[PDB]
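Peer 1: What follows is query-v2.cif, made up of mmCIF, C-alpha atoms:
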```cif
data_upload
loop_
_atom_site.group_PDB
_atom_site.id
_atom_site.type_symbol
_atom_site.label_atom_id
_atom_site.label_comp_id
_atom_site.auth_asym_id
_atom_site.auth_seq_id
_atom_site.Cartn_x
_atom_site.Cartn_y
_atom_site.Cartn_z
ATOM 1 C CA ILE A 1 5.723 -16.533 8.346
ATOM 2 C CA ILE A 2 2.893 -13.990 8.409
ATOM 3 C CA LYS A 3 2.337 -12.362 5.019
ATOM 4 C CA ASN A 4 -1.137 -11.258 6.126
ATOM 5 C CA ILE A 5 0.426 -9.321 8.993
ATOM 6 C CA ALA A 6 3.177 -7.966 6.752
ATOM 7 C CA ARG A 7 0.538 -6.872 4.259
ATOM 8 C CA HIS A 8 -1.291 -5.020 7.030
ATOM 9 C CA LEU A 9 1.658 -2.790 7.927
ATOM 10 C CA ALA A 10 2.479 -2.555 4.227
ATOM 11 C CA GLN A 11 -0.907 -1.324 2.988
ATOM 12 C CA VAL A 12 -1.518 0.814 6.078
ATOM 13 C CA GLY A 13 1.921 2.390 5.825
ATOM 14 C CA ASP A 14 1.722 2.935 2.070
ATOM 15 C CA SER A 15 -1.671 4.621 2.289
ATOM 16 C CA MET A 16 -0.951 6.671 5.417
ATOM 17 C CA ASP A 17 2.408 7.930 4.144
ATOM 18 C CA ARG A 18 1.067 9.085 0.774
ATOM 19 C CA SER A 19 -1.750 10.826 2.695
ATOM 20 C CA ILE A 20 -4.377 8.262 3.675
ATOM 21 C CA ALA B 1 32.063 13.905 -14.106
ATOM 22 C CA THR B 2 32.032 11.051 -11.611
ATOM 23 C CA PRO B 3 31.372 12.186 -8.002
ATOM 24 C CA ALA B 4 32.588 9.711 -5.378
ATOM 25 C CA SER B 5 31.145 9.063 -1.931
ATOM 26 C CA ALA B 6 33.494 10.373 0.757
ATOM 27 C CA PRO B 7 31.771 8.777 3.814
ATOM 28 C CA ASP B 8 30.620 5.158 4.011
ATOM 29 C CA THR B 9 26.893 4.433 4.332
ATOM 30 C CA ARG B 10 27.427 2.869 7.782
ATOM 31 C CA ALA B 11 28.797 6.198 9.012
ATOM 32 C CA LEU B 12 25.602 7.909 7.878
ATOM 33 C CA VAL B 13 23.519 5.254 9.618
ATOM 34 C CA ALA B 14 25.522 5.807 12.796
ATOM 35 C CA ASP B 15 24.967 9.554 12.454
ATOM 36 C CA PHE B 16 21.229 8.998 12.026
ATOM 37 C CA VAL B 17 20.961 6.604 14.972
ATOM 38 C CA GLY B 18 23.206 8.843 17.031
ATOM 39 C CA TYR B 19 21.172 11.892 16.054
ATOM 40 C CA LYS B 20 17.911 10.210 17.046
ATOM 41 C CA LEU B 21 19.533 9.205 20.333
ATOM 42 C CA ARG B 22 20.613 12.813 20.882
ATOM 43 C CA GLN B 23 17.260 14.241 19.750
ATOM 44 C CA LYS B 24 15.620 12.699 22.816
ATOM 45 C CA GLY B 25 17.982 14.488 25.172
ATOM 46 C CA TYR B 26 19.792 17.457 23.686
ATOM 47 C CA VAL B 27 19.229 18.783 20.174
ATOM 48 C CA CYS B 28 22.685 19.191 18.682
ATOM 49 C CA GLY B 29 23.262 20.533 15.198
ATOM 50 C CA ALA B 30 21.401 23.139 13.182
ATOM 51 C CA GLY B 31 18.174 23.818 11.337
ATOM 52 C CA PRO B 32 18.507 23.220 7.560
ATOM 53 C CA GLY B 33 16.068 25.501 5.785
ATOM 54 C CA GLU B 34 16.624 27.787 2.816
ATOM 55 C CA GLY B 35 19.834 26.613 1.182
ATOM 56 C CA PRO B 36 19.872 23.715 -1.337
ATOM 57 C CA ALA B 37 22.738 21.362 -0.532
ATOM 58 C CA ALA B 38 24.365 18.541 -2.490
ATOM 59 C CA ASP B 39 23.568 16.089 0.306
ATOM 60 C CA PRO B 40 20.102 14.566 -0.152
ATOM 61 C CA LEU B 41 21.258 11.439 1.679
ATOM 62 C CA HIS B 42 21.040 12.871 5.193
ATOM 63 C CA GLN B 43 17.734 14.510 4.298
ATOM 64 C CA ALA B 44 16.430 11.246 2.841
ATOM 65 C CA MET B 45 17.483 9.302 5.934
ATOM 66 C CA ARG B 46 15.732 11.852 8.134
ATOM 67 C CA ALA B 47 12.586 11.704 6.012
ATOM 68 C CA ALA B 48 12.709 7.890 5.926
ATOM 69 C CA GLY B 49 11.877 7.914 9.626
ATOM 70 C CA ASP B 50 9.946 11.184 9.820
ATOM 71 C CA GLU B 51 7.865 11.594 6.639
ATOM 72 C CA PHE B 52 5.300 8.795 7.001
ATOM 73 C CA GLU B 53 5.389 9.206 10.785
ATOM 74 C CA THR B 54 4.386 12.873 10.643
ATOM 75 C CA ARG B 55 1.430 11.957 8.423
ATOM 76 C CA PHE B 56 0.601 8.839 10.419
ATOM 77 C CA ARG B 57 0.365 9.445 14.174
ATOM 78 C CA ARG B 58 2.878 7.388 16.094
ATOM 79 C CA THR B 59 3.940 4.547 13.805
ATOM 80 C CA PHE B 60 6.790 3.814 16.235
ATOM 81 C CA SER B 61 4.106 2.466 18.572
ATOM 82 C CA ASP B 62 0.915 2.139 16.490
ATOM 83 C CA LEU B 63 2.409 -0.135 13.832
ATOM 84 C CA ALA B 64 3.783 -2.325 16.606
ATOM 85 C CA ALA B 65 0.406 -2.277 18.362
ATOM 86 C CA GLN B 66 -1.950 -2.924 15.445
ATOM 87 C CA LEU B 67 0.241 -5.903 14.548
ATOM 88 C CA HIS B 68 0.638 -7.053 18.158
ATOM 89 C CA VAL B 69 -2.562 -9.098 17.954
ATOM 90 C CA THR B 70 -0.904 -12.106 16.351
ATOM 91 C CA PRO B 71 1.772 -13.892 18.461
ATOM 92 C CA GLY B 72 5.077 -12.524 17.207
ATOM 93 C CA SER B 73 8.684 -12.962 18.324
ATOM 94 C CA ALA B 74 11.857 -10.972 19.061
ATOM 95 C CA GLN B 75 13.922 -8.733 16.741
ATOM 96 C CA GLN B 76 14.299 -11.737 14.425
ATOM 97 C CA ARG B 77 10.597 -11.293 13.655
ATOM 98 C CA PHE B 78 10.424 -7.489 13.571
ATOM 99 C CA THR B 79 12.754 -6.846 10.629
ATOM 100 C CA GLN B 80 11.558 -10.141 9.158
ATOM 101 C CA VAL B 81 7.986 -8.856 8.880
ATOM 102 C CA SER B 82 9.238 -6.097 6.594
ATOM 103 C CA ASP B 83 11.143 -8.539 4.366
ATOM 104 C CA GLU B 84 8.083 -10.803 4.373
ATOM 105 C CA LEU B 85 6.145 -8.326 2.243
ATOM 106 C CA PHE B 86 9.319 -7.306 0.404
ATOM 107 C CA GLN B 87 9.260 -10.775 -1.147
ATOM 108 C CA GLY B 88 5.963 -9.897 -2.798
ATOM 109 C CA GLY B 89 5.924 -6.138 -3.146
ATOM 110 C CA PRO B 90 9.151 -4.063 -3.005
ATOM 111 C CA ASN B 91 7.156 -0.833 -2.822
ATOM 112 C CA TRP B 92 8.643 2.432 -1.529
ATOM 113 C CA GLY B 93 6.858 1.894 1.771
ATOM 114 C CA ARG B 94 8.577 -1.476 2.137
ATOM 115 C CA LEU B 95 12.018 0.065 1.750
ATOM 116 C CA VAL B 96 11.097 2.729 4.287
ATOM 117 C CA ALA B 97 9.583 0.185 6.689
ATOM 118 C CA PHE B 98 12.655 -2.046 6.446
ATOM 119 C CA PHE B 99 14.938 0.885 7.229
ATOM 120 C CA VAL B 100 12.810 2.416 9.999
ATOM 121 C CA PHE B 101 12.266 -0.992 11.639
ATOM 122 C CA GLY B 102 15.972 -1.684 11.838
ATOM 123 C CA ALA B 103 16.910 1.878 12.761
ATOM 124 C CA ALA B 104 14.316 2.055 15.548
ATOM 125 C CA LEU B 105 15.281 -1.318 17.013
ATOM 126 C CA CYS B 106 18.993 -0.574 16.672
ATOM 127 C CA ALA B 107 18.646 2.853 18.308
ATOM 128 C CA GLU B 108 16.743 1.196 21.135
ATOM 129 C CA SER B 109 19.258 -1.634 21.478
ATOM 130 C CA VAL B 110 22.108 0.897 21.545
ATOM 131 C CA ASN B 111 20.515 2.584 24.560
ATOM 132 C CA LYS B 112 19.901 -0.839 26.092
ATOM 133 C CA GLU B 113 23.643 -1.521 25.736
ATOM 134 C CA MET B 114 22.950 -4.305 23.261
ATOM 135 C CA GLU B 115 25.529 -3.555 20.565
ATOM 136 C CA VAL B 116 25.799 -7.327 20.184
ATOM 137 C CA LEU B 117 22.290 -7.440 18.724
ATOM 138 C CA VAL B 118 22.798 -4.233 16.732
ATOM 139 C CA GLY B 119 25.801 -5.748 14.986
ATOM 140 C CA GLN B 120 23.740 -8.815 14.123
ATOM 141 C CA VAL B 121 20.853 -6.742 12.765
ATOM 142 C CA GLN B 122 23.154 -4.566 10.664
ATOM 143 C CA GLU B 123 25.014 -7.646 9.443
ATOM 144 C CA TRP B 124 21.749 -9.244 8.339
ATOM 145 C CA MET B 125 20.538 -6.008 6.734
ATOM 146 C CA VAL B 126 23.699 -5.587 4.664
ATOM 147 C CA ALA B 127 23.641 -9.263 3.703
ATOM 148 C CA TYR B 128 19.986 -9.143 2.657
ATOM 149 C CA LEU B 129 20.503 -5.922 0.685
ATOM 150 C CA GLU B 130 23.392 -7.521 -1.207
ATOM 151 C CA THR B 131 21.659 -10.873 -1.678
ATOM 152 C CA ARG B 132 17.894 -10.745 -2.202
ATOM 153 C CA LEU B 133 17.490 -6.991 -2.652
ATOM 154 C CA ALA B 134 20.699 -6.715 -4.686
ATOM 155 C CA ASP B 135 18.907 -6.534 -8.041
ATOM 156 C CA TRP B 136 16.299 -4.188 -6.585
ATOM 157 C CA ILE B 137 18.911 -1.775 -5.232
ATOM 158 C CA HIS B 138 20.687 -1.990 -8.587
ATOM 159 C CA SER B 139 17.448 -1.055 -10.358
ATOM 160 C CA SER B 140 16.679 1.814 -7.987
ATOM 161 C CA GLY B 141 20.288 2.950 -8.260
ATOM 162 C CA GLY B 142 20.700 2.762 -4.521
ATOM 163 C CA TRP B 143 18.644 5.672 -3.246
ATOM 164 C CA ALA B 144 18.431 7.386 -6.632
ATOM 165 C CA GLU B 145 14.701 6.923 -7.272
ATOM 166 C CA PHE B 146 14.122 7.197 -3.514
ATOM 167 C CA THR B 147 15.048 10.887 -3.704
ATOM 168 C CA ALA B 148 12.058 11.403 -6.000
ATOM 169 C CA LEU B 149 9.833 9.173 -3.873
ATOM 170 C CA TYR B 150 9.967 11.370 -0.765
ATOM 171 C CA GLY B 151 9.757 14.557 -2.816
ATOM 172 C CA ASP B 152 6.102 15.107 -2.011
ATOM 173 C CA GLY B 153 3.621 13.604 0.431
ATOM 174 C CA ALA B 154 0.112 14.720 -0.462
ATOM 175 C CA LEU B 155 0.622 14.160 -4.176
ATOM 176 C CA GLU B 156 -0.889 10.749 -4.917
ATOM 177 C CA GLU B 157 -3.650 9.581 -7.244
ATOM 178 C CA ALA B 158 -3.483 5.828 -6.702
ATOM 179 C CA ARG B 159 -5.701 5.227 -3.680
ATOM 180 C CA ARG B 160 -5.559 8.571 -1.860
ATOM 181 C CA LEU B 161 -8.782 9.557 -0.093
ATOM 182 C CA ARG B 162 -11.238 11.267 -2.408
ATOM 183 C CA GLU B 163 -12.504 14.281 -0.476
ATOM 184 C CA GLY B 164 -13.642 17.864 -0.946
ATOM 185 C CA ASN B 165 -13.307 18.649 -4.650
ATOM 186 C CA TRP B 166 -13.339 14.990 -5.679
ATOM 187 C CA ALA B 167 -15.913 13.224 -3.534
ATOM 188 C CA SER B 168 -17.969 15.610 -1.439
ATOM 189 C CA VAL B 169 -20.901 13.273 -0.913
ATOM 190 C CA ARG B 170 -20.737 9.676 0.287
#
```
Here is a file; write its structure as structure tokens.

Peer 2:
Amino acid sequence: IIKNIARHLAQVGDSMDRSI
Amino acid sequence: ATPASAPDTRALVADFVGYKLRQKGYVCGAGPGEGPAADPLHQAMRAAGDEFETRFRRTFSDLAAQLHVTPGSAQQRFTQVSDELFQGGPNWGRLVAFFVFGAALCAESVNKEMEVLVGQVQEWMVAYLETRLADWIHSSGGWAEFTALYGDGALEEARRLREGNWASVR
């Protein structure tokens, strides 16, 4: 559907969680 | 030595959702501090929707806002956006996002007296976990490796910001 959008929350979440 | 699970996972989910629902009205329970317990499940569930959030800002609203630019849909698109990336990157953050997305929407739907939707979401979650993510869960041993994933938060040398000691000038 929207992998670009999914990637956004994915990368942002991954980085922010592990201390952006 | 083969320890068995006394309570079913759904009961824990209900306790988590119920707890979150109670947390916004009347804090009921206790404050777990110094005293290692044999229950990392409840702690993991708590962290799953508290760890990244405490180091983020307000993911409960920000994540839904920063991704609210592109025309989305209802709940069928919310939990689906998490699985979308799961198909090409079952990273720890994807597992957390999938859980927090469902939990948040379910907790909201429960307050909105929409158990009908909650049952559908949970049904889909269980189905997906035992269909597409079956092998993944089997590899992670359920939440086995997850316990070591939420162990720390600042410890990361993959893409973590290089500041102070590392990169002082830019």

Peer 1: With a distance threshold of 7 Å and counting only C-alpha atoms, extract the residues of chain A near chain B and express them as a list in words.

Peer 2: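 Residues passing the distance filter: residues 3, 5, 6, 7, 9, 10, 13, 14, 15, 16, 17, 18, 19 and 20 of chain A.
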
Peer 1: Between CA of residue 115 (chain B) and CA of residue 75 (chain B), what is the distance, to one decimal in Å?

Peer 2: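 CA of residue 75 (chain B) lies at a distance of 13.3 Å from CA of residue 115 (chain B).
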
Peer 1: Exactly which residues make up the result of the PyMOL selection byres ((chain B and resi 3-20) around 9) on this file, given as a list in words?

Peer 2: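 Applying the PyMOL selection byres ((chain B and resi 3-20) around 9) to the structure shown produces residues 1, 2, 21, 22, 23, 24, 27, 28, 29, 41, 42, 45, 46, 103, 104, 106, 107 and 110 of chain B.
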
Peer 1: Expressed in Å to a single decimal, how great is the separation between CA of residue 112 (chain B) and CA of residue 125 (chain B)?

Peer 2: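 Rounded to one decimal, the two atoms are 20.0 Å apart.
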
Peer 1: Tell me, in Å to one decimal, how far CA of residue 43 (chain B) is from CA of residue 31 (chain B).

Peer 2: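 Those two atoms sit 11.7 Å apart.
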
Peer 1: Because some atoms of region 15-29 of chain B are absent here, can you restore N, CA and C atoms and send them as an mmCIF file, in the coordinates of the input?

Peer 2:
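Result file follows (rebuild24.cif):
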```
data_model
loop_
_atom_site.group_PDB
_atom_site.id
_atom_site.type_symbol
_atom_site.label_atom_id
_atom_site.label_comp_id
_atom_site.auth_asym_id
_atom_site.auth_seq_id
_atom_site.Cartn_x
_atom_site.Cartn_y
_atom_site.Cartn_z
ATOM 1 N N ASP B 15 25.297 8.151 12.223
ATOM 2 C CA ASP B 15 24.967 9.554 12.454
ATOM 3 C C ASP B 15 23.468 9.715 12.671
ATOM 4 N N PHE B 16 22.683 8.958 11.912
ATOM 5 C CA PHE B 16 21.229 8.998 12.026
ATOM 6 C C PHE B 16 20.787 8.431 13.372
ATOM 7 N N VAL B 17 21.291 7.247 13.706
ATOM 8 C CA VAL B 17 20.961 6.604 14.972
ATOM 9 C C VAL B 17 21.434 7.473 16.132
ATOM 10 N N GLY B 18 22.654 7.983 16.008
ATOM 11 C CA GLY B 18 23.206 8.843 17.031
ATOM 12 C C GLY B 18 22.399 10.115 17.179
ATOM 13 N N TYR B 19 21.969 10.673 16.051
ATOM 14 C CA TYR B 19 21.172 11.892 16.054
ATOM 15 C C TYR B 19 19.852 11.650 16.767
ATOM 16 N N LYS B 20 19.185 10.555 16.423
ATOM 17 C CA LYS B 20 17.911 10.210 17.046
ATOM 18 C C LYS B 20 18.088 10.018 18.551
ATOM 19 N N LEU B 21 19.217 9.435 18.932
ATOM 20 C CA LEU B 21 19.533 9.205 20.333
ATOM 21 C C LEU B 21 19.767 10.536 21.049
ATOM 22 N N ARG B 22 20.332 11.494 20.326
ATOM 23 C CA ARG B 22 20.613 12.813 20.882
ATOM 24 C C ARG B 22 19.352 13.675 20.894
ATOM 25 N N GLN B 23 18.504 13.479 19.891
ATOM 26 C CA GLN B 23 17.260 14.241 19.750
ATOM 27 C C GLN B 23 16.324 14.060 20.942
ATOM 28 N N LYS B 24 16.470 12.959 21.663
ATOM 29 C CA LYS B 24 15.620 12.699 22.816
ATOM 30 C C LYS B 24 16.312 13.117 24.111
ATOM 31 N N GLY B 25 17.271 14.023 24.001
ATOM 32 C CA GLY B 25 17.982 14.488 25.172
ATOM 33 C C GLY B 25 18.482 15.908 25.016
ATOM 34 N N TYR B 26 19.244 16.142 23.959
ATOM 35 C CA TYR B 26 19.792 17.457 23.686
ATOM 36 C C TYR B 26 19.969 17.639 22.188
ATOM 37 N N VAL B 27 19.162 18.515 21.603
ATOM 38 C CA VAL B 27 19.229 18.783 20.174
ATOM 39 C C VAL B 27 20.564 19.426 19.824
ATOM 40 N N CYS B 28 21.380 18.701 19.082
ATOM 41 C CA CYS B 28 22.685 19.191 18.682
ATOM 42 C C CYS B 28 22.787 19.225 17.166
ATOM 43 N N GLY B 29 23.137 20.384 16.631
ATOM 44 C CA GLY B 29 23.262 20.533 15.198
ATOM 45 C C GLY B 29 22.789 21.889 14.732
#
```
